[PDB]
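Visitor: Protein chains in written order, with the authors' numbering: chain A1, 120 to 255; chain AK, 28 to 128; chain AZ, 5 to 91; chain AC, 36 to 167; chain AY, 276 to 383; chain AH, 61 to 182.
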Amino acid sequence: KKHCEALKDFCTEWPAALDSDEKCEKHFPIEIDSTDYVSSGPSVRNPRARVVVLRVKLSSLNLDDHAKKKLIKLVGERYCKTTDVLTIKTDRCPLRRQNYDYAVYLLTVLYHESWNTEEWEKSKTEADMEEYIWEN
Amino acid sequence: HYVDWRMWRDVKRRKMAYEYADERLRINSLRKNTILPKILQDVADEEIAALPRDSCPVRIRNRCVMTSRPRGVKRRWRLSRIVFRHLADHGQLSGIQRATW
Amino acid sequence: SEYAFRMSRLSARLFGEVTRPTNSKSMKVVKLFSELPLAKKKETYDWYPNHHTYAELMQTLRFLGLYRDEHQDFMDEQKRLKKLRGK
Amino acid sequence: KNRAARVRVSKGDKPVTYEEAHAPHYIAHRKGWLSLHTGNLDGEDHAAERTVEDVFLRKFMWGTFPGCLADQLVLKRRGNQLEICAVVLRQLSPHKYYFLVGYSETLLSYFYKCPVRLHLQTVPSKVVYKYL
Amino acid sequence: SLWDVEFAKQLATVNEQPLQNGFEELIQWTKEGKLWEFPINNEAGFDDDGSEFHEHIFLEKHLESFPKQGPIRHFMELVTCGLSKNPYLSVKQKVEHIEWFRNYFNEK
Amino acid sequence: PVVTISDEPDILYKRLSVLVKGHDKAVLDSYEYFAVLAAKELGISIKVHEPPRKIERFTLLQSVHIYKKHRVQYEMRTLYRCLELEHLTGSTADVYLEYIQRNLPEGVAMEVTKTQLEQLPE
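1) Nearest by alpha-carbon distance to residue 222 (chain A1): which of 237 (chain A1), 149 (chain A1), 245 (chain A1), 121 (chain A1) is it?
2) Tell me the rounded alpha-carbon separation between residue 56 (chain AZ) and residue 28 (chain AK).
3) Could you tell me which chain AH residues have their CB closer than 7 angstroms to the CB of residue 112 (chain AC), listed as they occur along the chain?
4) Relative to chain B, which residues along the region 89-107 of chain AC have a C-beta separation below 9 angstroms, given in chain order?
5) Are residue 71 (chain AK) and residue 80 (chain AK) close, meaning C-beta to C-beta below 9 angstroms?
6) For residue 162 (chain AC) versus residue 136 (chain AC), is the C-beta spacing smaller than 9 angstroms?
7) Express the C-alpha separation of residue 14 (chain AZ) and residue 255 (chain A1) in angstroms, rounding to a whole number.
8) State whether the region 30-37 of chain AK contacts the region 94-109 of chain AK, with contact taken as three or more CB pairs (one from each stretch) at a distance under 8 angstroms.
9) Taking three-plus beta-carbon pairs below 8 angstroms as touching, is the region 156-173 of chain AH in contact with the region 124-135 of chain AH?
10) Given a threshold of 16 other Cβ atoms within 10 Å of its Cβ, counted over all protein chains shown, does residue 235 (chain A1) qualify as buried or as exposed?
11) Starting from the beta carbon of residue 49 (chain AZ), find every residue of chain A1 whose beta carbon is closer than 7 angstroms, and list them in chain order.
12) Can you say whether residue 138 (chain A1) is buried or exposed, counting buried as having 16 or more other CB atoms within 10 angstroms of its CB?
13) Does any CB atom of chain AK fall closer than 9 angstroms to the CB of residue 23 (chain AZ)?
14) Determine the direct distance from the alpha carbon of residue 84 (chain AK) to that of residue 217 (chain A1), and round the result to whole angstroms.
15) Relative to the C-alpha of residue 132 (chain AC), which residue among 144 (chain AC), 107 (chain AC), 101 (chain AC), 112 (chain AC) is closest?
16) Starting from residue 87 (chain AH), follow the alpha helix (DSSP H) in both directions and report where the run begins and ends.
17) Considering just the uninterrupted stretch of the beta strand (DSSP E) at residue 214 (chain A1), what are its terminal residues?
18) If you draw a straight line from the C-alpha of residue 160 (chain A1) to the C-alpha of residue 75 (chain AZ), how long is it?
19) For residue 279 (chain AY), which of helix, strand or coil comes out of DSSP?
20) Between residue 156 (chain AC) and residue 116 (chain AC), what straight-line distance do the alpha-carbon atoms span, to the nearest angstrom?
21) In chain AH, which residues lie with their C-beta within 7 angstroms of the C-beta of residue 131 (chain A1)?
22) Classify residue 173 (chain AH): buried if its beta carbon has 16 or more other beta carbons within 10 angstroms, exposed otherwise.
23) Per DSSP, which residues does residue 149 (chain AH) bridge with? Please list them.
24) Does the beta carbon of residue 159 (chain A1) sit closer than 9 angstroms to a beta carbon anywhere in chain AH?
25) Taking 8 angstroms as the cut-off, is the beta-carbon of residue 187 (chain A1) closer than that to any non-hydrogen atom of the ligand ATP?
26) Quick one: list the residues of chain AZ neighbouring residue 62 (chain AK), beta-carbon separation under 8 angstroms, in chain order.
27) Where does residue 241 (chain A1) sit, in a helix, a strand or coil, going by DSSP?
28) In whole angstroms, give me the CA-to-CA distance for residue 52 (chain AZ) and residue 88 (chain AC).
29) Report the CB separation of residue 250 (chain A1) from residue 188 (chain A1) in whole angstroms; it is logged as a contact under 8 angstroms.
30) I'd like to check one pair, residue 176 (chain AH) with residue 151 (chain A1): are the Cβ atoms closer than 9 angstroms?
31) Kindly give me the distance between the Cβ atoms of residue 124 (chain AH) and residue 109 (chain AK), rounded to whole angstroms, as I take these residues to be in contact under 8 angstroms.
32) For residue 56 (chain AK) and chain AC, any beta-carbon pair shorter than 9 angstroms?
33) Measuring only between beta-carbons, confirm whether residue 87 (chain AC) sits less than 9 angstroms from chain AK.
34) Using a Cβ-Cβ distance under 9 angstroms, would residue 176 (chain AH) count as near chain AC?
35) Return the first residue and the last residue of the alpha helix (DSSP H) that residue 141 (chain AC) is part of.
36) Could you tell me whether the Cβ atoms of residue 349 (chain AY) and residue 22 (chain AZ) are closer together than 9 angstroms?
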């Protein structure tokens with residue numbers, strides 16, 4: 120208790136963000152995971168605990184509304200049944216800051232290459248419809 | 028400063044195998060492939076065969092660490108259970124002990 | 005239909021890369037290039053510690069006196085016994 | 036007849052120490068843990084190297100202290116170090132003890148680049164626990 | 276000019292207070308990179324001097340014209356995709372792999 | 061004892077998932093009590109559960125050389141002690157981790173904290 124009361128400083132207080140993580144999700148639902156284990160001995164490095172995702176909401180950022188009929192199915196294991204957890208995971212690189220930079224660049228390139236549609240964006244098919252688009 | 032010569036044998040094998048790995052993986056991937064006729068496949072086979080002996084992970088025999096004793100050795104701990112069993116009996120291993128259940 | 009494959013091809017073409025499919029046995033190349041080999045794993049090459057310069061330092065310490073090697077003391081005793089009874 | 040760590044009885048006059056007077060299966064009942072490291076988890080790496088370092092440092096401290104050990108050592112790990120709790124036997128003079136401790140500390144620091152600071156517990160008589 | 280630096284250090288030490296406690300020894304140990312970090316951030320380095328993801332997933336500059344309908348271009352694209360799908364390999368390693376593969380496919 | 065508060069942007073942990081692994085129960089109980097005391101002194105709630113162990117037994121021969129009749133039973137245990145926190149500044153989390161690691165039990169009582177940052181957008 121004495122050590123805690125002493126070290127109460129050497130920190131930065133946080134604003135009334137309101138617990139429960141409700142307002143955090145309402146505002147910035149971005150949530151990139153990251154962990155770190157512990158080891159005993161001379162070595163301290165532990166690159167194993169580098170698991171990191173790329174969970175960034177598309178509708179929340181608000182920069183490529185046209186991707187509603189694209190990213191809803193172009194990405195892998197998504198399109199949940201009940202809840203909604205949009206995450207453009209792309210763990211093809213280890214670091215986190217470079218991960219976010221690559222995410223920003225990918226969003227920019229997606230905006231660019233999607234505002235000029237490719238081919239089968241609207242003319243889907245006749246037996247696979249995640250969102251109704253003619254014909255049928 | 029190793030006990031038996033098998034230790035130096037395995038050390039040299041591991042070293043010469045870890046020396047090169049990029050070309051090994053590239054040629055292994057090029058091998059199993061339906062694309063491109065067997066011409067380039069056989070060319071890459073001859074290329075990978077041109078490498079010298081020893082330099083190959085196939086020759087690596089996972090033995091112990093005391094004097095090369097491949098008898099129930101644990102690769103996670105490398106060294107055999109000669110001293111590891113002594114520690115597990117005494118209690119110098121944080122957890123690894125006799126299964127009390 | 006192949007709408008899943010079409011969407012995958014579109015996502016790939018969004019930046020310029022593979023688009024058309026391939027054979028079934030051709031996935032070995034991707035499986036090998038997407039992971040590291042076994043020779044580079046710590047559970048193979050990192051097997052026998054050096055103990056060369058370390059053993060030399062231990063022998064120098066033994067010859068220094070401040071640190072002793074009980075096993076080497078017994079070895080020297082046996083060597084003296086042999087020199088007295090050998091040879 | 037298995038005879039791991041348990042000592043075979045012969046006569047009720049065996050001055051055995053405390054740690055030495057314990058079977059090798061009481062690690063979860065009576066006997067504690069001497070050395071500790073994350074290598075013995077389910078599952079963390081760094082196990083073989085830690086065990087080798089422990090087994091080496093044990094013999095090192097036992098050789099540097101010939102006969103001045105009341106019982107086995109009790110290794111530890113706190114940071115980039117390896118605390119060694121020992122029950123030293125009052126044999127040499129305190130000046131020699133301090134000199135040897137400092138020399139060993141400096142040597143280990145300059146050798147393994149890891150200040151393995153140890154700890155002593157001077158006791159004249161051995162801690163006899165049973166007369167096996 | 277060694278004696279000058281020696282005298283300067285001696286004067287600076289005489290004009291300052293010694294350790295006088297073990298906390299100074301701990302601070303010196305931390306400065307000399309002996310003990311771990313406070314706390315074990317598990318991130319000492321590994322930044323790779325900023326890779327800028329300009330060689331992992333984006334195949335824009337890495338193109339080299341070749342008949343798309345051909346099998347060689349498809350194999351190269353598949354190999355590049357498999358390489359990009361490997362977050363374990365380094366950047367220079369992947370660059371060397373791609374360069375060697377392209378040179379071998381162009382020559383042979 | 062100085063705040064040393066600057067004006068640079070800091071990171072805010074969103075739901076700090078924490079988990080402590082440990083073999084025996086006494087050391088784990090001591091560690092969890094210390095962690096709960098530290099959290100209460102900081103001002104954060106927690107929640108625990110009762111998970112089982114992890115039977116990763118590995119059997120081998122009894123004698124070091126010949127003989128294979130009877131084997132030996134060797135295995136390690138681990139009990140997960142979840143103590144996830146919620147909402148805490150980067151500096152506060154760093155100081156908490158420093159205070160927890162300055163006396164972490166070596167080997168036994170292995171911590172498994174999982175952070176979840178946010179990283180501001182463009």
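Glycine is no exception: its CB is placed at the ideal position from the N, C-alpha and C atoms.
Guide: Inspection of the coordinates gives the following:
1) In the first sequence, the residue the question calls residue 222 (chain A1) occupies position 103. It is 149 (chain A1) whose Cα lies nearest to the Cα of residue 222 (chain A1).
2) Taking the third sequence and counting its residues from 1, one reaches residue 56 (chain AZ) at position 52. Taking the second sequence and counting its residues from 1, one reaches residue 28 (chain AK) at position 1. Rounded to the nearest angstrom, the two C-alpha atoms are 5 angstroms apart.
3) Within the fourth sequence, the letter at position 77 stands for residue 112 (chain AC). Ordered by position in chain AH, the residues that pass the 7 angstroms Cβ test against residue 112 (chain AC) are 166.
4) As a matter of chain content, chain B is missing from the structure shown, whose protein chains are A1, AK, AZ, AC, AY and AH.
5) Position 44 of the second sequence holds residue 71 (chain AK). Position 53 of the second sequence holds residue 80 (chain AK). Their beta carbons are not under 9 angstroms apart, which means residue 71 (chain AK) does not touch residue 80 (chain AK) by this criterion.
6) In the fourth sequence, the residue the question calls residue 162 (chain AC) occupies position 127. In the fourth sequence, the residue the question calls residue 136 (chain AC) occupies position 101. No.
7) The residue you call residue 255 (chain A1) lines up with position 136 of the first sequence. The residue you call residue 14 (chain AZ) lines up with position 10 of the third sequence. Distance between the alpha carbons of residue 255 (chain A1) and residue 14 (chain AZ): 22 angstroms.
8) yes
9) no
10) As a first step, residue 235 (chain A1) is located in the first sequence; it is residue number 116 there, counting from the start. By the 10 Å Cβ count, residue 235 (chain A1) comes out exposed.
11) For the purposes of this step, residue 49 (chain AZ) is identified with residue 45 of the third sequence, where counting begins at 1. Within chain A1, no residue comes near residue 49 (chain AZ); the closest Cβ sits about 17 angstroms away, beyond 7 angstroms.
12) Stepping through the first sequence from its first residue, residue 138 (chain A1) is reached at position 19. The residue in question, residue 138 (chain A1), is exposed, as its Cβ has fewer than 16 Cβ neighbours within 10 Å.
13) On the third sequence, residue 23 (chain AZ) is found 19 positions in, with the first residue counted as 1. For residue 23 (chain AZ), the answer is no, since every Cβ of chain AK falls outside 9 angstroms of its Cβ.
14) As a working note, residue 217 (chain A1) is residue 98 in the first sequence. As a working note, residue 84 (chain AK) is residue 57 in the second sequence. C-alpha separation (whole angstroms): 35 angstroms.
15) In the fourth sequence, counting from the first residue as 1, residue 132 (chain AC) sits at position 97. For the residues 144 (chain AC), 107 (chain AC), 101 (chain AC), 112 (chain AC), the minimum Cα distance to residue 132 (chain AC) belongs to 101 (chain AC).
16) Locating residue 87 (chain AH) in the sixth sequence gives position 27, counting from the first residue. Looking at the DSSP string, the run of the alpha helix (DSSP H) that includes residue 87 (chain AH) is 86-102.
17) As a working mapping, residue 214 (chain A1) is identified with position 95 in the first sequence. Taken as a continuous stretch (DSSP letters only), residue 214 (chain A1) belongs to no beta strand (DSSP E), as it is neither H nor E.
18) Residue 160 (chain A1) sits at position 41 when you count from the first residue of the first sequence. Residue 75 (chain AZ) sits at position 71 when you count from the first residue of the third sequence. So the two alpha carbons sit approximately 27 angstroms from each other.
19) The sequence position of residue 279 (chain AY) within the fifth sequence is 4, counting from 1. Here residue 279 (chain AY) sits in helix by DSSP.
20) Within the fourth sequence, numbered from 1, the residue matching residue 156 (chain AC) stands at position 121. Within the fourth sequence, numbered from 1, the residue matching residue 116 (chain AC) stands at position 81. Approximately 19 angstroms, taken between the alpha carbons.
21) Working through the first sequence from its first residue, we reach residue 131 (chain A1) at position 12. Result: 65, 70, 149, 151.
22) As a first step, residue 173 (chain AH) is located in the sixth sequence; it is residue number 113 there, counting from the start. Classification of residue 173 (chain AH): buried, given that the 10 Å Cβ count is 16 or more.
23) On the sixth sequence, position 89 is the one that residue 149 (chain AH) refers to. The partner list for residue 149 (chain AH) (beta bridge, DSSP) reads 72 (chain AH).
24) Working through the first sequence from its first residue, we reach residue 159 (chain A1) at position 40. Yes, because at least one Cβ of chain AH sits closer than 9 angstroms to the Cβ of residue 159 (chain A1).
25) The model depicted lacks the ligand ATP and carries no ligand whatsoever.
26) As a working mapping, residue 62 (chain AK) is identified with position 35 in the second sequence. Simply 26, 27, 30.
27) Residue numbering aside, residue 241 (chain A1) sits at position 122 when the first sequence is read from its first letter. Of the three classes helix, strand and coil, the one that applies to residue 241 (chain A1) here is coil, per DSSP.
28) Start at 1 with the first residue of the third sequence, and residue 52 (chain AZ) comes out as number 48. Start at 1 with the first residue of the fourth sequence, and residue 88 (chain AC) comes out as number 53. Distance between the alpha carbons of residue 52 (chain AZ) and residue 88 (chain AC): 14 angstroms.
29) For the purposes of this step, residue 250 (chain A1) is identified with residue 131 of the first sequence, where counting begins at 1. For the purposes of this step, residue 188 (chain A1) is identified with residue 69 of the first sequence, where counting begins at 1. That belief holds up - the Cβ atoms of residue 250 (chain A1) and residue 188 (chain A1) are roughly 6 angstroms apart, short of 8 angstroms.
30) Indexing the first sequence from 1 puts residue 151 (chain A1) at position 32. Indexing the sixth sequence from 1 puts residue 176 (chain AH) at position 116. Against a cut-off of 9 angstroms, the Cβ pair of residue 176 (chain AH) and residue 151 (chain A1) comes out as a contact.
31) Looking up residue 124 (chain AH) in the sixth sequence gives position 64. Looking up residue 109 (chain AK) in the second sequence gives position 82. Sure, about 6 angstroms apart at Cβ, within 8 angstroms.
32) Walking along the second sequence from the start, residue 56 (chain AK) turns up at place 29. Not an interface residue.
33) Locating residue 87 (chain AC) in the fourth sequence gives position 52, where the first residue counts as 1. Chain AK contact via Cβ: present.
34) As a position in the sixth sequence, residue 176 (chain AH) is number 116, starting the count at 1. False, the Cβ-Cβ gap to chain AC never drops below 9 angstroms.
35) Taking the first residue of the fourth sequence as position 1, residue 141 (chain AC) is located at position 106. Here the alpha helix (DSSP H) through residue 141 (chain AC) covers 129-147.
36) Residue 349 (chain AY) sits at position 74 when you count from the first residue of the fifth sequence. Residue 22 (chain AZ) sits at position 18 when you count from the first residue of the third sequence. Closer than 9 angstroms, so yes.
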